[PDB]
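Colleague: There's a structure below that I have some questions on.
We did not get these values from a lab; they are worked out from the coordinates using the rules stated. Using ideal geometry, Cβ is built from the backbone for each residue, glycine included, and neighbour counts are taken over all protein chains shown.
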Amino acid sequence: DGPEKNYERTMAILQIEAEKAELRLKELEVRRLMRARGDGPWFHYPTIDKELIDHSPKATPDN
Amino acid sequence: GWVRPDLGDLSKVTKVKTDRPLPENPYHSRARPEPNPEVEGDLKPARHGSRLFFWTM
């Protein structure tokens, strides 16, 4: 291989690896925020579903 | 002039006309918490794949 091919092939390798490294660091930061704040799709622990609730008039009024 | 209601009459659900205003918040509920920011967009392939250590896919 001529030096130009290896040189520019090296750049393509560096671009891919650099982009992956940045994404790896961002994911660690996103995961840290979602776990602490609970406002993301990750670490979304279930809560009781409100469609299970019966809203019809009851045998007694105070409820 | 009183007529005894028939079998089944008094167990009917009837309708009442009342000038009383319908309550707004009979349960005295607080404002509900805001829903989590929804996610919208086009699903694209993962950038450079799994990105797991050395794997290229």
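Colleague: At 7 Å along the Cα-to-beta-carbon direction for both B:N25 and B:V39, put a label point, then send me their distance in nm to one decimal.
Modeller: Roughly 3.3 nm, to one decimal.
Colleague: Something else now. Under a no-solvent Debye model with one identical scatterer per Cα of the protein assembly as shown, what's log10 I(q)/I(0) at q = 0.09, 0.13, 0.23 Å⁻¹?
Modeller: -0.62, -0.89, -1.44
Colleague: How large is the translational diffusion coefficient of chain B in µm² per second when you combine the Kirkwood radius over alpha carbon pairs with Stokes-Einstein at 4 °C and 1.567 mPa s?
Modeller: After rounding, the answer is 64 µm²/s.
Colleague: So, one more: Just for the Cα atoms in chain A, what are the lengths along the principal axes, largest first, rounded to whole Å?
Modeller: Its Cα atoms span 89, 21, 10 Å along the three principal axes.
Colleague: Among B:22-33, A:12-23, how do they line up from the highest to the lowest mean number of other beta-carbon atoms within 10 Å?
Modeller: A:12-23, B:22-33
Colleague: Just to check I understand the Karplus step: with θ = phi - 60° and J = 6.51 cos²θ - 1.76 cosθ + 1.60, what whole-Hz values come out for region B:10-23, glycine and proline as x?
Modeller: Ordered by residue, 3J(HN,Hα) equals 5, 8, 6, 7, 9, 10, 10, 9, 10, 7, 4, x, 5, x Hz.
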